[PDB]
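Those letters in the first sequence? Residues -2 to 154, 160 to 432, per the entry's author numbering, in order.
Notes to accompany the following structure.
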Amino acid sequence: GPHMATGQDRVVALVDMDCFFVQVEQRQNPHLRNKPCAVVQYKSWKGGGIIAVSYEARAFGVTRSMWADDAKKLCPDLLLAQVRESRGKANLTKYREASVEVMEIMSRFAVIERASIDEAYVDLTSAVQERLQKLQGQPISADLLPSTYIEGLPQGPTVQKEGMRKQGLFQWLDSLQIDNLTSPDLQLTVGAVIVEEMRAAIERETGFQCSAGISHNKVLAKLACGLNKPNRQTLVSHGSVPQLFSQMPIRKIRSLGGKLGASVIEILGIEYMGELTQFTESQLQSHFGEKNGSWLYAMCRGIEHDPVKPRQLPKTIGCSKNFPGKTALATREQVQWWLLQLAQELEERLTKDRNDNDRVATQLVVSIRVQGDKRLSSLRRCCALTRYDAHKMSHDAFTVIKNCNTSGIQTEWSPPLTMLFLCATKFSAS
DNA sequence: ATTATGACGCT
DNA sequence: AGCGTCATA
Ligand SMILES: [Ca+2]
Ligand SMILES: [Mg+2]
C-alpha cells in the first residue's frame, strides 16, 4: 500500500560511447568517417580479429569476434584500422586515453562510476534537484530533449522514425505534473535534459557520439541505453516497467546473461523478466540463494538499489597475451621473454598511473593457462610488488609459476603455456 | 585460433 | 587467498 517501496528514489544514467574504438580511429583518420569500418587486432591469422564495428558495417552483418577475412566476405568494401602493436602484443593505450577524455567531461556534471573503458554510470539525483529549483515550476520543452526516446510511447488512440520519437515525447510531456518537485517522472525528465547536455558536451569537446539510458537505477539505465542506438538516449520510467518486462527475455538483464539467467529460465520454466513477479521472495531465494533471490524479486518489479560507486579510475592495471594453437610457449627462454614484454608494458602504465593519480600498486598477480585446460585461467598466484621495475616483476612472476613446469628438463616447458597475465592491484595513496 | 582487458562473488 | 562468473572494446 502506502508502505510499498517503488524504487523511484534516485535518478541514474548510463552513458555509453557508440562503437567506441571505431570512433577513436575515425577521429584520427577522417578517411574512415561515415564508412563501414572495423577495428581489428593482429592480422596474420585470417586478417585479424574484429573488436569493434561501425554501424554502417553492422548493416552488412559484420560483428565483433569475426575474423576480418570473413567480415570481408559479408562486406567487401569494409575498411579496417589495426590496434597498435608494442613489445610483440596489442596495446590499447590510445583507447584508454580517449576514455579518460570522456570520463573527465562526464565528471563535470556528476559523480561517475567507470563501468568499462567506454561507459559510466551517473548518479543525477542531486543535479536534478538543483535544476528543478532553477526551473521554478516552469514546463520542460520538447526542444530540450532533441535526441530522447520515451520507452513505451507513443501509445493508444506518422510512419517515420523521428516522427514516432516526437509523438512519444509529446505524450510524455503532455502528461507531466511539473508543479510537483517530487514526482519521479518529472525527476527522470529533468535527468534526461541534463544527459542531453552531457552528451552535447562530450561530442563538442571530443568528437565522439554516445547513447544513454535514464532511469531510477543502474540496471534499468543500462537496459534503456541499448533500446535506441546509436547517438540517442532513452528514458525508462517506473511506469514503463510492466509492459517492457512482459516480453523482455531474461538474458537481457545485466548479470542474467550467463549461467544464473539460464538456470532461472530452466528451473522456473519462464522466458521473460516480468514472469518473475509471480514468485514469492522466499521461492526465489530457495532456488537462487538469499542475495540473488531478493535481488530478482525487486528487479522484476523495476527495483534495484546498487549505488553508483564514486570511482572514475580502474582498480587494477593488467597486461595479458594469449599464445594459441601452435604458438604456445614451450621453452623457458620463451616464457621468460614474454613475461618481460608484459612486465615492460605494465611498468610503463604503472609509472604513468603513479604520476597522474597519486597511488602505488602493492600486489602483483600472475596467471597462466596451460595447453588443454578448458578454463580461461589455469592458475593464479600473487606476490609482493615493491618496485616499478619490469625486470624485477618478470623475475618475480617466473618464480611464482616456475613450478608449474612438468618437464623433467629445465630448458623445456610442458605443458606449453597458452596465456600469460600480469596484473597490478591493491593500490595505496602516494 | 577471439583477444585484452576489468569488477565482484564464493568459500 | 585462489577460483569462478559476468561483462565490455
Ligand atoms: Ca559502447
Ligand atoms: Mg560499453
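Even for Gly, the Cβ is constructed at its ideal location relative to N, Cα and C.
Residue ranges of each alpha helix (DSSP H) within the region 192 to 279, 4 or longer
220 to 227, 243 to 248 and 261 to 270
Just reading off the alpha helix (DSSP H) that residue 395 is part of, what are its end residues?
392 to 403
Straight-line gap, residue 222 to residue 237 (C-alpha atoms, nearest Å):
9 angstroms
For a minimum of 3 consecutive residues, which ranges assigned as the beta strand (DSSP E) are wholly contained in the region 319 to 391?
319 to 324, 331 to 333, 361 to 372 and 381 to 386
Counting C-beta neighbours from all protein chains within 10 Å, is the total for residue 176 16 or more, i.e. buried, or is it exposed?
exposed
Look up residue 99 in the DSSP assignment and say whether it is helix, strand or coil.
helix
How about residue 360 and residue 430: do their beta carbons lie closer than 8 angstroms?
no
Under three-state DSSP, which class holds residue 313?
strand
Give the range of the beta strand (DSSP E) segment to which residue 428 is assigned.
414 to 431
Among the candidates 366, 410 and 113, whose CA atom is the shortest distance from the CA of residue 398?
366
Contacting residues, own chain, Cβ-Cβ under 7 angstroms from residue 374 (five flanking each side not counted)
417
Among residues of its own chain, excluding the 5 on either side of residue 380, which ones have a beta-carbon nearer than 7 angstroms to its beta-carbon?
370, 371 and 372
Closer than 7 angstroms to a non-hydrogen atom of ligand 2 - does that hold for the CB of residue 113?
yes
Assuming residue 66 is part of the alpha helix (DSSP H), what are its boundary residues?
65 to 71
Quick one: what does DSSP say residue 150 is sitting in, helix, strand or coil?
coil
Given a cut-off of 8 angstroms on the beta-carbon distance, is the pair residue 200 and residue 115 in contact?
no
Could you tell me whether the Cβ atoms of residue 233 and residue 249 are closer together than 8 angstroms?
no
Which of helix, strand or coil does DSSP assign to residue 144?
coil
Note down, in chain order, each residue of its chain lying with its Cβ closer than 7 angstroms to the Cβ of residue 341, except the 5 sequence neighbours on either side.
396, 399, 400 and 422
Is the closest heavy atom of ligand 2 to the C-beta of residue 98 under 7 angstroms?
no
Please check the pair residue 255 and residue 275, which I expect to be a contact at CB under 8 angstroms, by giving their CB distance rounded to whole angstroms.
6 angstroms
Assuming residue 125 is part of the alpha helix (DSSP H), what are its boundary residues?
122 to 132
Rounded distance between the beta-carbons of residue 44 and residue 78, thought under 8 angstroms
The Cβ separation is near 13 angstroms, so there is no contact.
According to the Cβ coordinates, are residue 197 and residue 180 closer than 8 angstroms?
no
When 224, 139 and 120 are compared against residue 193, the one with the closest alpha-carbon:
120
Contacting residues, own chain, Cβ-Cβ under 7 angstroms from residue 109 (five flanking each side not counted)
100, 103, 117, 118, 119 and 314
Note down, in chain order, each residue of its chain lying with its Cβ closer than 6 angstroms to the Cβ of residue 392, except the 5 sequence neighbours on either side.
345, 346 and 349
For residue 20, report the span of its alpha helix (DSSP H) as first-last.
17 to 25
Would you call the region 282 to 295 in contact with the region 257 to 272, where contact means no fewer than 3 C-beta pairs closer than 8 angstroms?
yes
For residue 105, report the span of its beta strand (DSSP E) as first-last.
Segment: none, residue 105 is in no beta strand (DSSP E) and carries neither H nor E.
Same chain only: Cβ atoms within 6 angstroms of residue 390, ignoring 5 sequence neighbours per side:
349, 352 and 353
Residue 38 versus residue 26 - alpha carbon distance
17 angstroms
Proximity of residue 150 and residue 173 at Cβ, strictly below 8 angstroms
yes
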